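Asker: Quick one, entry21.pdb (PDB, C-alpha atoms and all ligand atoms):
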```pdb
ATOM      1  CA  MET U   1      94.208 122.846  88.616  1.00  0.00           C
ATOM      2  CA  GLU U   2      91.053 120.707  88.655  1.00  0.00           C
ATOM      3  CA  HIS U   3      89.180 120.882  85.343  1.00  0.00           C
ATOM      4  CA  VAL U   4      85.740 122.023  86.602  1.00  0.00           C
ATOM      5  CA  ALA U   5      83.810 125.166  85.510  1.00  0.00           C
ATOM      6  CA  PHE U   6      81.776 127.410  87.791  1.00  0.00           C
ATOM      7  CA  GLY U   7      78.069 126.781  87.200  1.00  0.00           C
ATOM      8  CA  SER U   8      78.463 123.349  85.615  1.00  0.00           C
ATOM      9  CA  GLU U   9      75.226 121.357  85.723  1.00  0.00           C
ATOM     10  CA  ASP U  10      76.552 118.309  87.596  1.00  0.00           C
ATOM     11  CA  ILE U  11      79.059 120.169  89.816  1.00  0.00           C
ATOM     12  CA  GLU U  12      77.670 118.382  92.879  1.00  0.00           C
ATOM     13  CA  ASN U  13      78.639 114.990  91.383  1.00  0.00           C
ATOM     14  CA  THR U  14      82.134 116.141  90.356  1.00  0.00           C
ATOM     15  CA  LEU U  15      82.901 117.737  93.730  1.00  0.00           C
ATOM     16  CA  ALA U  16      81.191 115.033  95.793  1.00  0.00           C
ATOM     17  CA  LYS U  17      83.324 113.804  98.704  1.00  0.00           C
ATOM     18  CA  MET U  18      86.249 115.847  97.405  1.00  0.00           C
ATOM     19  CA  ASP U  19      88.935 116.178 100.028  1.00  0.00           C
ATOM     20  CA  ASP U  20      90.385 119.506 101.120  1.00  0.00           C
ATOM     21  CA  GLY U  21      93.473 119.307  98.902  1.00  0.00           C
ATOM     22  CA  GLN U  22      91.572 118.688  95.671  1.00  0.00           C
ATOM     23  CA  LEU U  23      89.082 121.444  96.489  1.00  0.00           C
ATOM     24  CA  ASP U  24      92.060 123.813  96.644  1.00  0.00           C
ATOM     25  CA  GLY U  25      92.669 122.978  92.975  1.00  0.00           C
ATOM     26  CA  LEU U  26      89.460 124.667  91.754  1.00  0.00           C
ATOM     27  CA  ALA U  27      89.397 127.879  89.673  1.00  0.00           C
ATOM     28  CA  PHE U  28      86.643 129.381  91.872  1.00  0.00           C
ATOM     29  CA  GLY U  29      85.879 129.697  95.584  1.00  0.00           C
ATOM     30  CA  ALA U  30      84.119 126.739  97.206  1.00  0.00           C
ATOM     31  CA  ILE U  31      82.617 126.489 100.688  1.00  0.00           C
ATOM     32  CA  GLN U  32      80.723 123.514 102.145  1.00  0.00           C
ATOM     33  CA  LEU U  33      78.171 124.336 104.883  1.00  0.00           C
ATOM     34  CA  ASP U  34      75.959 122.181 107.079  1.00  0.00           C
ATOM     35  CA  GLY U  35      72.237 122.996 107.229  1.00  0.00           C
ATOM     36  CA  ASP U  36      72.825 125.452 110.070  1.00  0.00           C
ATOM     37  CA  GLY U  37      75.553 127.282 108.122  1.00  0.00           C
ATOM     38  CA  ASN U  38      78.590 125.913 109.948  1.00  0.00           C
ATOM     39  CA  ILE U  39      81.658 125.746 107.690  1.00  0.00           C
ATOM     40  CA  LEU U  40      82.799 122.194 106.817  1.00  0.00           C
ATOM     41  CA  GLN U  41      85.223 123.001 103.946  1.00  0.00           C
ATOM     42  CA  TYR U  42      86.657 126.260 102.568  1.00  0.00           C
ATOM     43  CA  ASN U  43      89.131 126.278  99.675  1.00  0.00           C
ATOM     44  CA  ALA U  44      92.230 128.326  98.786  1.00  0.00           C
ATOM     45  CA  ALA U  45      90.529 130.205  95.934  1.00  0.00           C
ATOM     46  CA  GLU U  46      87.868 131.471  98.355  1.00  0.00           C
ATOM     47  CA  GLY U  47      90.555 132.583 100.835  1.00  0.00           C
ATOM     48  CA  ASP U  48      92.302 134.500  98.045  1.00  0.00           C
ATOM     49  CA  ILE U  49      89.033 136.310  97.174  1.00  0.00           C
ATOM     50  CA  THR U  50      87.911 137.132 100.725  1.00  0.00           C
ATOM     51  CA  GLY U  51      91.094 137.382 102.780  1.00  0.00           C
ATOM     52  CA  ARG U  52      89.955 134.724 105.262  1.00  0.00           C
ATOM     53  CA  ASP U  53      92.373 131.993 106.243  1.00  0.00           C
ATOM     54  CA  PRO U  54      90.808 128.698 105.032  1.00  0.00           C
ATOM     55  CA  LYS U  55      92.089 126.739 108.012  1.00  0.00           C
ATOM     56  CA  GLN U  56      90.794 129.134 110.663  1.00  0.00           C
ATOM     57  CA  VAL U  57      87.207 129.497 109.412  1.00  0.00           C
ATOM     58  CA  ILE U  58      86.400 125.754 109.504  1.00  0.00           C
ATOM     59  CA  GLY U  59      83.901 125.191 112.304  1.00  0.00           C
ATOM     60  CA  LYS U  60      82.725 128.801 112.411  1.00  0.00           C
ATOM     61  CA  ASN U  61      79.153 129.754 111.509  1.00  0.00           C
ATOM     62  CA  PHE U  62      79.100 131.478 108.132  1.00  0.00           C
ATOM     63  CA  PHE U  63      76.000 133.649 108.779  1.00  0.00           C
ATOM     64  CA  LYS U  64      76.480 134.435 112.507  1.00  0.00           C
ATOM     65  CA  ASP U  65      80.284 134.839 112.643  1.00  0.00           C
ATOM     66  CA  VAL U  66      82.254 134.970 109.375  1.00  0.00           C
ATOM     67  CA  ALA U  67      79.925 136.707 106.941  1.00  0.00           C
ATOM     68  CA  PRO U  68      77.359 138.941 108.661  1.00  0.00           C
ATOM     69  CA  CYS U  69      76.864 140.869 105.399  1.00  0.00           C
ATOM     70  CA  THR U  70      75.154 137.688 104.052  1.00  0.00           C
ATOM     71  CA  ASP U  71      72.748 137.518 107.049  1.00  0.00           C
ATOM     72  CA  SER U  72      69.882 138.953 104.979  1.00  0.00           C
ATOM     73  CA  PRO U  73      66.863 137.635 103.021  1.00  0.00           C
ATOM     74  CA  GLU U  74      68.814 137.829  99.756  1.00  0.00           C
ATOM     75  CA  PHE U  75      71.548 135.358 100.823  1.00  0.00           C
ATOM     76  CA  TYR U  76      70.915 133.572 104.159  1.00  0.00           C
ATOM     77  CA  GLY U  77      67.157 133.671 103.494  1.00  0.00           C
ATOM     78  CA  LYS U  78      67.602 131.804 100.202  1.00  0.00           C
ATOM     79  CA  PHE U  79      70.020 129.349 101.810  1.00  0.00           C
ATOM     80  CA  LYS U  80      67.734 128.403 104.666  1.00  0.00           C
ATOM     81  CA  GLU U  81      64.709 128.059 102.379  1.00  0.00           C
ATOM     82  CA  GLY U  82      66.662 125.606 100.234  1.00  0.00           C
ATOM     83  CA  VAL U  83      67.850 123.670 103.300  1.00  0.00           C
ATOM     84  CA  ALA U  84      64.267 123.497 104.593  1.00  0.00           C
ATOM     85  CA  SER U  85      62.978 122.258 101.213  1.00  0.00           C
ATOM     86  CA  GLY U  86      65.908 119.904 100.562  1.00  0.00           C
ATOM     87  CA  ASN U  87      66.614 121.109  96.953  1.00  0.00           C
ATOM     88  CA  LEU U  88      68.652 124.343  96.826  1.00  0.00           C
ATOM     89  CA  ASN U  89      70.039 125.575  93.448  1.00  0.00           C
ATOM     90  CA  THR U  90      70.327 129.331  93.020  1.00  0.00           C
ATOM     91  CA  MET U  91      72.795 131.704  91.395  1.00  0.00           C
ATOM     92  CA  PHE U  92      72.953 135.443  92.041  1.00  0.00           C
ATOM     93  CA  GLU U  93      75.393 138.336  92.336  1.00  0.00           C
ATOM     94  CA  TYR U  94      76.212 139.847  95.739  1.00  0.00           C
ATOM     95  CA  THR U  95      78.648 142.274  97.351  1.00  0.00           C
ATOM     96  CA  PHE U  96      80.922 141.193 100.199  1.00  0.00           C
ATOM     97  CA  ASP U  97      81.742 144.230 102.368  1.00  0.00           C
ATOM     98  CA  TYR U  98      82.491 143.189 105.976  1.00  0.00           C
ATOM     99  CA  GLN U  99      85.910 144.395 107.186  1.00  0.00           C
ATOM    100  CA  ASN U 100      87.407 144.279 103.664  1.00  0.00           C
ATOM    101  CA  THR U 101      87.187 146.263 100.373  1.00  0.00           C
ATOM    102  CA  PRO U 102      83.682 145.789  98.942  1.00  0.00           C
ATOM    103  CA  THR U 103      84.000 142.964  96.405  1.00  0.00           C
ATOM    104  CA  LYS U 104      81.250 141.998  93.949  1.00  0.00           C
ATOM    105  CA  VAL U 105      80.911 138.289  93.203  1.00  0.00           C
ATOM    106  CA  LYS U 106      78.666 135.716  91.581  1.00  0.00           C
ATOM    107  CA  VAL U 107      77.389 133.141  94.082  1.00  0.00           C
ATOM    108  CA  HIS U 108      76.027 129.666  93.253  1.00  0.00           C
ATOM    109  CA  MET U 109      74.421 127.769  96.167  1.00  0.00           C
ATOM    110  CA  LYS U 110      73.611 124.117  95.505  1.00  0.00           C
ATOM    111  CA  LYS U 111      72.701 121.175  97.704  1.00  0.00           C
ATOM    112  CA  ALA U 112      75.520 118.662  97.927  1.00  0.00           C
ATOM    113  CA  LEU U 113      75.119 114.903  97.542  1.00  0.00           C
ATOM    114  CA  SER U 114      76.526 114.158 101.036  1.00  0.00           C
ATOM    115  CA  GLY U 115      74.279 114.417 104.061  1.00  0.00           C
ATOM    116  CA  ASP U 116      73.616 117.769 105.759  1.00  0.00           C
ATOM    117  CA  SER U 117      75.923 119.541 103.322  1.00  0.00           C
ATOM    118  CA  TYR U 118      75.412 122.515 100.981  1.00  0.00           C
ATOM    119  CA  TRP U 119      77.817 124.170  98.583  1.00  0.00           C
ATOM    120  CA  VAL U 120      78.466 127.915  98.213  1.00  0.00           C
ATOM    121  CA  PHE U 121      80.540 128.655  95.088  1.00  0.00           C
ATOM    122  CA  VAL U 122      82.002 132.127  94.426  1.00  0.00           C
ATOM    123  CA  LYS U 123      83.784 133.913  91.578  1.00  0.00           C
ATOM    124  CA  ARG U 124      84.621 137.566  90.910  1.00  0.00           C
ATOM    125  CA  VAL U 125      82.458 139.718  88.625  1.00  0.00           C
TER     126      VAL U 125
HETATM  127  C1  LIG Y 201      79.898 139.705 104.207  1.00  0.00           C
HETATM  128  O1  LIG Y 201      80.001 139.776 105.486  1.00  0.00           O
HETATM  129  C2  LIG Y 201      80.618 138.608 103.555  1.00  0.00           C
HETATM  130  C3  LIG Y 201      81.650 138.001 104.140  1.00  0.00           C
HETATM  131  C4  LIG Y 201      82.305 136.835 103.576  1.00  0.00           C
HETATM  132  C5  LIG Y 201      81.831 136.227 102.405  1.00  0.00           C
HETATM  133  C6  LIG Y 201      82.428 135.069 101.939  1.00  0.00           C
HETATM  134  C7  LIG Y 201      83.492 134.483 102.645  1.00  0.00           C
HETATM  135  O2  LIG Y 201      84.057 133.360 102.182  1.00  0.00           O
HETATM  136  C8  LIG Y 201      83.955 135.064 103.827  1.00  0.00           C
HETATM  137  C9  LIG Y 201      83.340 136.230 104.302  1.00  0.00           C
END
```
Could you express the structure from this file as structure tokens?

Answerer:
Amino acid sequence: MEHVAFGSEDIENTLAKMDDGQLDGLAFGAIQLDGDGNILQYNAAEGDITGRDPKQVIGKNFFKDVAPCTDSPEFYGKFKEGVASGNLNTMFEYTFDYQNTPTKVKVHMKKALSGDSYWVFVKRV
């Protein structure tokens, strides 16, 4: 396992340019999105939480295709505001309920260091 805690202040530096295999070593779910919400990376811990197959969701749009329950002001709205402003950093609880048992999580969205890239971190609550 990689020694990184959910919510750590410099998480974007520690994860920066992490390849797919190392991302799978994290204790929490990690997704990397472009500014439109297309999925660039999606780790094993996230797949274990959500049921999605990490290899198949790459390239899909998170808000339009994979996760319509997040297409709302409280999730997508916050994401796109942070993309538009270039500085996103927000943490909030949410319930995932699309075609799977409703599952409450804590979500941390934070702008990455790499261009046109934005992290969505997830753990169970
Ligand atoms: C609601 O539709 C949420 C769906 C979802 C959340 C997070 C994921 O990694 C995959 C699907």

Asker: Counting only C-alpha atoms and all ligand atoms, which residues in chain U sit no more than 9 Å from ligand LIG 201 (chain Y)? For each one, give the nearest pair of atoms and the distance in Å, sorted by chain then residue number, as a Markdown table.

Answerer:
```
| residue | atom | partner | partner_atom | distance |
| --- | --- | --- | --- | --- |
| U:29 | CA | Y:LIG201 | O2 | 7.8 |
| U:30 | CA | Y:LIG201 | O2 | 8.3 |
| U:31 | CA | Y:LIG201 | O2 | 7.2 |
| U:42 | CA | Y:LIG201 | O2 | 7.6 |
| U:46 | CA | Y:LIG201 | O2 | 5.7 |
| U:47 | CA | Y:LIG201 | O2 | 6.7 |
| U:49 | CA | Y:LIG201 | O2 | 7.7 |
| U:50 | CA | Y:LIG201 | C8 | 5.4 |
| U:51 | CA | Y:LIG201 | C8 | 7.6 |
| U:52 | CA | Y:LIG201 | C8 | 6.2 |
| U:54 | CA | Y:LIG201 | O2 | 8.7 |
| U:57 | CA | Y:LIG201 | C8 | 8.5 |
| U:62 | CA | Y:LIG201 | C8 | 7.4 |
| U:63 | CA | Y:LIG201 | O1 | 8.0 |
| U:65 | CA | Y:LIG201 | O1 | 8.7 |
| U:66 | CA | Y:LIG201 | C9 | 5.3 |
| U:67 | CA | Y:LIG201 | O1 | 3.4 |
| U:68 | CA | Y:LIG201 | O1 | 4.2 |
| U:69 | CA | Y:LIG201 | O1 | 3.3 |
| U:70 | CA | Y:LIG201 | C1 | 5.2 |
| U:71 | CA | Y:LIG201 | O1 | 7.8 |
| U:95 | CA | Y:LIG201 | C1 | 7.4 |
| U:96 | CA | Y:LIG201 | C2 | 4.2 |
| U:97 | CA | Y:LIG201 | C1 | 5.2 |
| U:98 | CA | Y:LIG201 | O1 | 4.3 |
| U:99 | CA | Y:LIG201 | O1 | 7.7 |
| U:100 | CA | Y:LIG201 | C3 | 8.5 |
| U:102 | CA | Y:LIG201 | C1 | 8.9 |
| U:120 | CA | Y:LIG201 | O2 | 8.8 |
| U:122 | CA | Y:LIG201 | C6 | 8.1 |
```

Asker: Store the residues of this selection in a file with C-alpha atoms, as an mmCIF file, in the coordinates of the input.

Answerer:
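Here's the written file again-v1.cif:
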```
data_model
loop_
_atom_site.group_PDB
_atom_site.id
_atom_site.type_symbol
_atom_site.label_atom_id
_atom_site.label_comp_id
_atom_site.auth_asym_id
_atom_site.auth_seq_id
_atom_site.Cartn_x
_atom_site.Cartn_y
_atom_site.Cartn_z
ATOM 1 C CA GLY U 29 85.879 129.697 95.584
ATOM 2 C CA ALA U 30 84.119 126.739 97.206
ATOM 3 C CA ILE U 31 82.617 126.489 100.688
ATOM 4 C CA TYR U 42 86.657 126.260 102.568
ATOM 5 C CA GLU U 46 87.868 131.471 98.355
ATOM 6 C CA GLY U 47 90.555 132.583 100.835
ATOM 7 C CA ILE U 49 89.033 136.310 97.174
ATOM 8 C CA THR U 50 87.911 137.132 100.725
ATOM 9 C CA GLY U 51 91.094 137.382 102.780
ATOM 10 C CA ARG U 52 89.955 134.724 105.262
ATOM 11 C CA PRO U 54 90.808 128.698 105.032
ATOM 12 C CA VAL U 57 87.207 129.497 109.412
ATOM 13 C CA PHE U 62 79.100 131.478 108.132
ATOM 14 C CA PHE U 63 76.000 133.649 108.779
ATOM 15 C CA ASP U 65 80.284 134.839 112.643
ATOM 16 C CA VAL U 66 82.254 134.970 109.375
ATOM 17 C CA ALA U 67 79.925 136.707 106.941
ATOM 18 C CA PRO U 68 77.359 138.941 108.661
ATOM 19 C CA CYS U 69 76.864 140.869 105.399
ATOM 20 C CA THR U 70 75.154 137.688 104.052
ATOM 21 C CA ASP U 71 72.748 137.518 107.049
ATOM 22 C CA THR U 95 78.648 142.274 97.351
ATOM 23 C CA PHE U 96 80.922 141.193 100.199
ATOM 24 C CA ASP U 97 81.742 144.230 102.368
ATOM 25 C CA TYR U 98 82.491 143.189 105.976
ATOM 26 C CA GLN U 99 85.910 144.395 107.186
ATOM 27 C CA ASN U 100 87.407 144.279 103.664
ATOM 28 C CA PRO U 102 83.682 145.789 98.942
ATOM 29 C CA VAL U 120 78.466 127.915 98.213
ATOM 30 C CA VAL U 122 82.002 132.127 94.426
#
```

Asker: So that I can check the surroundings of residue 6 of chain U, please list as number ranges by chain every protein, DNA and RNA residue that reaches within 10 Å of it, counting all atoms listed in the file and ignoring chain neighbours fewer than 6 positions away.

Answerer: U: 26-30, 106-108, 121-123

Asker: Could you write those residues out with C-alpha atoms, as a PDB file, keeping the file's coordinate frame?

Answerer:
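selection.pdb written:
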```
ATOM      1  CA  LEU U  26      89.460 124.667  91.754  1.00  0.00           C
ATOM      2  CA  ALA U  27      89.397 127.879  89.673  1.00  0.00           C
ATOM      3  CA  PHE U  28      86.643 129.381  91.872  1.00  0.00           C
ATOM      4  CA  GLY U  29      85.879 129.697  95.584  1.00  0.00           C
ATOM      5  CA  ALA U  30      84.119 126.739  97.206  1.00  0.00           C
ATOM      6  CA  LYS U 106      78.666 135.716  91.581  1.00  0.00           C
ATOM      7  CA  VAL U 107      77.389 133.141  94.082  1.00  0.00           C
ATOM      8  CA  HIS U 108      76.027 129.666  93.253  1.00  0.00           C
ATOM      9  CA  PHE U 121      80.540 128.655  95.088  1.00  0.00           C
ATOM     10  CA  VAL U 122      82.002 132.127  94.426  1.00  0.00           C
ATOM     11  CA  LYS U 123      83.784 133.913  91.578  1.00  0.00           C
TER      12      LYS U 123
END
```

Asker: Enumerate, as an MDAnalysis selection string, the residues matched when the PyMOL selection byres (((chain U and resi 39) around 9) and not hetatm) is run on the file above.

Answerer: chainID U and resid 31:34 37:38 40:42 57:62

Asker: For those residues, write C-alpha atoms to a file as a PDB file, in the frame of the given file.

Answerer:
```pdb
ATOM      1  CA  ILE U  31      82.617 126.489 100.688  1.00  0.00           C
ATOM      2  CA  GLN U  32      80.723 123.514 102.145  1.00  0.00           C
ATOM      3  CA  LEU U  33      78.171 124.336 104.883  1.00  0.00           C
ATOM      4  CA  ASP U  34      75.959 122.181 107.079  1.00  0.00           C
ATOM      5  CA  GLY U  37      75.553 127.282 108.122  1.00  0.00           C
ATOM      6  CA  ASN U  38      78.590 125.913 109.948  1.00  0.00           C
ATOM      7  CA  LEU U  40      82.799 122.194 106.817  1.00  0.00           C
ATOM      8  CA  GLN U  41      85.223 123.001 103.946  1.00  0.00           C
ATOM      9  CA  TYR U  42      86.657 126.260 102.568  1.00  0.00           C
ATOM     10  CA  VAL U  57      87.207 129.497 109.412  1.00  0.00           C
ATOM     11  CA  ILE U  58      86.400 125.754 109.504  1.00  0.00           C
ATOM     12  CA  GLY U  59      83.901 125.191 112.304  1.00  0.00           C
ATOM     13  CA  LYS U  60      82.725 128.801 112.411  1.00  0.00           C
ATOM     14  CA  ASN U  61      79.153 129.754 111.509  1.00  0.00           C
ATOM     15  CA  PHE U  62      79.100 131.478 108.132  1.00  0.00           C
TER      16      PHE U  62
END
```

Asker: Select, from U:64, U:17, U:73, U:110, the residue with the minimum atom-to-atom distance to residue 86 of chain U, counting only C-alpha atoms.

Answerer: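 Using only C-alpha atoms, the shortest distance to residue 86 of chain U belongs to U:110.
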
Asker: Using Å and a single decimal, report how far atom CA of residue 56 of chain U sits from atom CA of residue 44 of chain U.

Answerer: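 Here the two named atoms are 12.0 Å from each other.
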
Asker: Please report the interatomic distance between atom CA of residue 109 of chain U and atom CA of residue 43 of chain U in Å with one decimal.

Answerer: 15.2 Å

Asker: For the atom pair atom CA of residue 83 of chain U and atom CA of residue 113 of chain U, what is the interatomic distance in Å to one decimal place?

Answerer: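 Result for atom CA of residue 83 of chain U versus atom CA of residue 113 of chain U: 12.8 Å, one decimal.
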
Asker: Return as lines of an AutoDock Vina configuration file the box centre and box size in Å, one decimal, for an axis-aligned box around all listed atoms of segment 22-25 of chain U padded by 4 Å per side.

Answerer:
```
center_x = 90.9
center_y = 121.3
center_z = 94.8
size_x = 11.6
size_y = 13.1
size_z = 11.7
```

Asker: Compute the distance from (79.2, 137.0, 88.2) to each atom, counting only C-alpha atoms, keep the residues with any atom at most 6 Å away, and return them as a list in words; use the coordinates of the file.

Answerer: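 Those residues lying close to the given coordinates are residues 93, 105, 106 and 125 of chain U.
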
Asker: Mind writing the picked residues with C-alpha atoms as a PDB file, in the coordinates of the input?

Answerer:
```
ATOM      1  CA  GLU U  93      75.393 138.336  92.336  1.00  0.00           C
ATOM      2  CA  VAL U 105      80.911 138.289  93.203  1.00  0.00           C
ATOM      3  CA  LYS U 106      78.666 135.716  91.581  1.00  0.00           C
ATOM      4  CA  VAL U 125      82.458 139.718  88.625  1.00  0.00           C
TER       5      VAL U 125
END
```

Asker: Identify all residues satisfying the PyMOL selection byres (((chain U and resi 16) around 8) and not hetatm) in the given file; provide them as a list in words.

Answerer: residues 12, 13, 14, 15, 17, 18, 112, 113 and 114 of chain U

Asker: Expand the PyMOL selection byres (((chain U and resi 25) around 6) and not hetatm) into the individual residues it matches in the shown file, reporting them as a VMD selection string.

Answerer: chain U and resid 1 to 2 22 to 24 26

Asker: Hey, which of U:4, U:36, U:19, U:10 ends up closest to residue 81 of chain U? Count only C-alpha atoms.

Answerer: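 Comparing U:4, U:36, U:19, U:10 against residue 81 of chain U, the winner is U:36.
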
Asker: Using all atoms listed in the file, can you tell me which of U:20, U:87, U:77, U:92 comes closest to residue 55 of chain U?

Answerer: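 Closest to residue 55 of chain U of all the choices is U:20.
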